[PDB]
Protein chains: 2
Amino acid sequence: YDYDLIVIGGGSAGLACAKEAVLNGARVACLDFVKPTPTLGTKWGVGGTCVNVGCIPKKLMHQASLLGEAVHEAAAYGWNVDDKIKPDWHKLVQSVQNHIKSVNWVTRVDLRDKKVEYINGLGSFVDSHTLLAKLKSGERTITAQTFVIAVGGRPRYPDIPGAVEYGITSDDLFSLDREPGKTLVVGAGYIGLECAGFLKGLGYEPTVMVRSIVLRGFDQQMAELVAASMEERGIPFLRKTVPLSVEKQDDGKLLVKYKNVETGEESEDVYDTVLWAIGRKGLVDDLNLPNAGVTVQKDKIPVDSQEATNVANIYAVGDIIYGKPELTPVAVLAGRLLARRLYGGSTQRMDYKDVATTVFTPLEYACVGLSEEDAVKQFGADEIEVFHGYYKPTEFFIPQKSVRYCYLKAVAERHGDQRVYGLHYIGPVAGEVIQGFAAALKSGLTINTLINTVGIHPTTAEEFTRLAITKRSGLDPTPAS
Amino acid sequence: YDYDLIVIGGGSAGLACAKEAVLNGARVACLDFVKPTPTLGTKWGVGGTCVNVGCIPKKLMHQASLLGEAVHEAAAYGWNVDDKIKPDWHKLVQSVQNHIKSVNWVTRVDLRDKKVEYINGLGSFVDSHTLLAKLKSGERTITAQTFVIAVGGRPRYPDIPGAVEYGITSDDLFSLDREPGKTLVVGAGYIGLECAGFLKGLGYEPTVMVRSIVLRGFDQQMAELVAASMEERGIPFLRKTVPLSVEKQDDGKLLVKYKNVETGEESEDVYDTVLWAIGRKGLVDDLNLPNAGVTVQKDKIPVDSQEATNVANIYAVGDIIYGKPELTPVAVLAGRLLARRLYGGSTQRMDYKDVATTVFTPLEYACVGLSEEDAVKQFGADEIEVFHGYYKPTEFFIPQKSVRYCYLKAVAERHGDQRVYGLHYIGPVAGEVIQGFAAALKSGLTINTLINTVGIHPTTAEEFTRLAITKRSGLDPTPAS
Ligand SMILES: Cc1cc2nc3c(=O)[nH]c(=O)nc-3n(C[C@H](O)[C@H](O)[C@H](O)COP(=O)(O)OP(=O)(O)OC[C@H]3O[C@@H](n4cnc5c(N)ncnc54)[C@H](O)[C@@H]3O)c2cc1C
Ligand SMILES: Cc1cc2nc3c(=O)[nH]c(=O)nc-3n(C[C@H](O)[C@H](O)[C@H](O)COP(=O)(O)OP(=O)(O)OC[C@H]3O[C@@H](n4cnc5c(N)ncnc54)[C@H](O)[C@@H]3O)c2cc1C
């Protein structure tokens, strides 16, 4: 039709796909709309979830929290720093949002310059080749040759009285007018863990509420070490607990009634803020996919190895895609690769294996490859070797920081090549450490090259090259301390 | 004789060799003596150069300097931090030395526990199987079956009036009674660069004096970016300059006369402290090597691929070894491997290739593999590809930190497998970033796996996986900023 390609959604995948497609000669349009959060009505510019309400504000709040610790440690080194320091939440919000808005503008200019037609409207299918764009002016537009769906998701709400009325989600949190105060974080995935982490670091009082387990999908030894790490720093956890309701009392305070799911313990407590970090739901609803005859696997769209949907002419990429890693660089690269196969004469497909990730908890946890339990399930316990250790960061000594949760692990093939299957690290700058190892795994990293890679001294990254104690041995993982 | 193995020198290599040899059934002795610095008479416990006067105190001073910046940045994030903070040099020295002495004691206990006979004496050869140990009591002892020389070196002094009298070296610096004040750092190797770096960061006024070039042996594009980095932060450099003398004037101040070597410009300036970081000289002198018939290559001992000297029964390892990387983990691992070949029935030799290193300058520089110029010299310019980029750390935005010297580069084979030859990074936590890539290089890292390794977002480590602009292209290395 009017376009070679229409891209539905202007986030990490959408924009990456749109820009790449134009680079290879295509006439392309990209639609992006941001539906305002129910209650509070929070809204943001173009660029998607990461820039506006995801990786970026998250990392900036984490850094702000990290810098407070740095202030407290500086005194141990001889700096005449004052003990009683406090962050200004409105000042922090201000700085964070200033950076985001600057990025928004640059993104818009970059899109125009690269000749990507950005439409600030909500797209819905009329037909496998025809889309209704709904602009601000209530105006509409139609038609294109190929389609890329990169619509992502939005924070879920519990089906519980008071939830959408009194509670907030990550969407709201990063520009919050009100000071968080005492806050209940419902959800022990990374978003809930990270938020609780930096809320404590900035002088507030979070509680994490767990339905079942901490960080589902992650190595559970590591997930429990991160949780215990957080309790060490004064973050309490409510185990096996589900919320029942929240109500605004004539007080300004928020009463939350909750329930143990193993026991039947009905209990309650009062908070200034309630954060629902209970997962995200794909925005398939507003697309009218049946009009295009595209099949859905419940809030998500199943795609083949080429990101094609059951309709040859229509594709999906990023978060709406069923059961693939939901991260920004995954989305960016899959979108770019896609645009390059459609218009660049490329045959390179996306590689969704051994994607590294970092949980930016107070003590960060990075990993890549298999968890211990998945490797044991997949190959058998007696064909698996785990090398592990507790270690001591050079910079933790003078300030006498806890090394209790500074733990490192390599999950590997036991015999033969001794191929590394997974690497797990809790500690300082965990994503900075794991990134290069994720590349090493991708080049076929074995235990032998790992262990004969010379260390960079003094660093915490060199701890991986120092691994020598196996779990099978039963020897102390704390080595001549 | 009396021992299976005598180890001469109780540093990184010596201790690693001694401990490993006992693990494999050997009767071993290890000698260590620390000659006090001329003037000031500085002395330290067992464990060698790194623990006492090297990597460790260096990293701790660097961290102390880093933590001051963190204090200054915290205000941008909303922390009510006070601007006028100052470190206490004696308090910093105190903390650093407390940690070192604690490590000294633990090291002594560990050696006794592992049954390594530590002799606090100076060893010199009488014979290829016989050593004179000289203890504190003026006492002596003799005799053994095999020998490991791991004696390292000590800071060099210029052959110039006033040098040993008024100037200091890294040996003195880390426990300095007097406050450094305005200090002249002669030497632009890493030790001089690192010291100048943390002296500025802790409120003093260093100058770096360069005889010829900055960081000889390192990639010179990178070496100039680090130097310019330091000037940005207010560290001046005296280019093509050699010192002529230093004299104590009735003033307490130190007058240094110097000279341009390209021009003939005789000039002078007054400093509180003068630091000679002009290299280190191997302690071969005190060994009486001719008595054992061991050949020397001028202050260093040449060894074969098995660390054997021209005398079958005698070995050398660590810093005294001719023309190998002079770093702690190199020394530790070569010493361990050696002990394992002598007593463990191992055939594993040391791998001295692709050893990663970090220069802990204010903005750190890590690298591993070939410099750009060595790769071009070795393979030809047209068989070389350089991928490069300037990047922007997420945490630099709010405090509005300079990104001018945040630069990244991958030196690679141009065609075929596109094997990576070298990786270079200036920026935050450079050793934490490079370590895993050093392992990746060792597993055969190519450009294709590098560039299709998914990034961890947001990090500075992910910048390597984002490399896409080549120098050959001539395109702007600052990509849609
Ligand atoms: C708080 C939080 C922290 C995170 N931290 C990290 C992290 O640190 N590292 C990391 O890698 N990832 C992180 N993520 C995940 C990351 O944000 C996502 O994986 C990524 O943004 C997904 O990109 P996308 O293009 O598929 O979707 P999105 O970025 O969400 O973009 C989709 C866009 O399309 C719009 N849209 C939807 N429907 C329509 C329609 N019908 N018409 C027009 N526009 C439409 C949406 O409103 C949205 O603007 C985080 C996410 C959250 C929420
Ligand atoms: C200031 C500075 C910073 C550094 N920073 C780093 C860095 O961050 N990372 C890194 O990897 N490396 C660093 N190094 C290098 C590192 O310290 C050395 O590579 C390492 O210590 C060498 O180990 P070695 O066992 O060969 O010698 P040493 O550690 O010096 O040990 C030799 C010991 O033997 C003693 N000895 C000498 N002769 C005799 C004798 N005749 N009898 C008995 N004992 C004797 C010596 O006095 C000494 O105690 C740094 C060095 C300096 C000086």
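As a basis for the values below, the full set of heavy atoms in this structure was taken, side chains included, without hydrogen atoms, waters or symmetry mates. Numbers restart at 1 for each chain; the letters A, B, ... are given by sequence-line order, proteins then strands.
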Asks: Give the member of B:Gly68, B:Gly444, B:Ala438 that has the highest number of heavy-atom pairs under 4.5 Å with chain A.
Replies: B:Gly68
Asks: Quick one: closest heavy-atom pair of B:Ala440 and A:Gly436, and the distance?
Replies: CB-O, 4.0 Å
Asks: Can you label the angle between the A:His72 ring and the B:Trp79 ring as parallel, tilted or perpendicular, going by 30° and 60°?
Replies: perpendicular
Asks: Between A:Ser95 (side chain only) and B:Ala76 (backbone N and O only), is there a donor and an acceptor less than 3.5 Å apart?
Replies: yes
Asks: Can you tell if the side chain of B:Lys442 reaches within under 4.5 Å of the side chain of A:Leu450, non-hydrogen atoms only?
Replies: no
Asks: In terms of heavy-atom proximity below 4.5 Å to chain B, should A:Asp110 be classed as side chain, backbone, both, or neither?
Replies: side chain
Asks: For chain A, find which of B:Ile456, B:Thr453, B:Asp88, B:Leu67 contributes the most heavy-atom pairs closer than 4.5 angstrom.
Replies: B:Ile456
Asks: Roughly how far, to the nearest 0.5 Å, is the CG atom of B:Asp82 from the CG atom of A:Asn80?
Replies: 8.0 Å
Asks: Minimum heavy-atom separation for A:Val71 and B:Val81, please, with both atom names.
Replies: CG2-CG2, 4.3 Å
Asks: Identify the two heavy atoms, one from B:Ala461 and one from A:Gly431, that lie closest to each other, and give their separation to 0.1 Å.
Replies: CB-O, 4.2 Å
Asks: Looking at chain B, which one of A:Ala64, A:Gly54, A:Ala480, A:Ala70 has the largest number of heavy-atom pairs inside 4.5 Å, strictly under?
Replies: A:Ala64
Asks: Looking at A:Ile398, A:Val429, A:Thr446, which makes the most heavy-atom pairs under 4.5 Å with chain B?
Replies: A:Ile398
Asks: If we ignore hydrogens and angles and just use 3.5 Å, is the side chain of B:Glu432 paired with the main-chain N or O of A:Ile434 as donor and acceptor?
Replies: no
Asks: Most heavy-atom pairs under 4.5 angstrom with chain A, which of B:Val355, B:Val106, B:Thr460?
Replies: B:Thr460
Asks: Hey, which of B:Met350, B:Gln63, B:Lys114 has the most heavy atom pairs under 4.5 Å with chain A?
Replies: B:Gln63
Asks: Considering all heavy atoms of both residues, which atom of B:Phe437 and which atom of A:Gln435 are nearest to each other, and what is their separation?
Replies: CZ-CG, 4.1 Å
Asks: With a 4.5 angstrom heavy-atom cut-off, is it the side chain or the backbone of B:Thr328 that approaches chain A, or both, or neither?
Replies: side chain
Asks: Flag the one option from B:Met61, B:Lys84, B:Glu462 with the top tally of heavy-atom pairs under 4.5 Å to chain A.
Replies: B:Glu462
Asks: Checking ring-ring contact (aromatic ring centres under 6.0 Å, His included) between A:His99 and each of B:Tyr77, B:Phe396, B:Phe397, which is the one that passes?
Replies: B:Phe397
Asks: Report the distance from atom OG1 of A:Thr449 to atom CG of B:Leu441, rounding to the nearest 0.5 Å.
Replies: 11.0 Å
Asks: Does B:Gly78 offer a backbone N or O that forms a donor-acceptor pair with the side chain of A:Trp89 under 3.5 Å?
Replies: no
Asks: Please tell me if the side chains of A:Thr394 and B:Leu60 come closer than 4.5 Å, counting only heavy atoms from C-beta onward.
Replies: yes
Asks: Show your working on side chain to side chain contact (heavy atoms under 4.5 Å, CB included) between B:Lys59 and A:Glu395 and close with a plain yes or no.
Replies: CA-CA 8 Å; B:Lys59 235 251 170 146; A:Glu395 33 292 296; 3.1 Å; yes
Asks: Please find the pair of heavy atoms, one from B:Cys55 and one from A:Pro458, that lie closest to each other, and give the distance.
Replies: O-CG, 3.6 Å
Asks: Name the member of B:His62, B:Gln348, B:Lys91 that forms the most heavy-atom pairs with chain A at distances under 4.5 Å.
Replies: B:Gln348
Asks: Please look at A:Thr465 and chain B and tell me whether the side chain, the backbone, both or neither of the residue comes under 4.5 angstrom of a heavy atom of that chain.
Replies: side chain
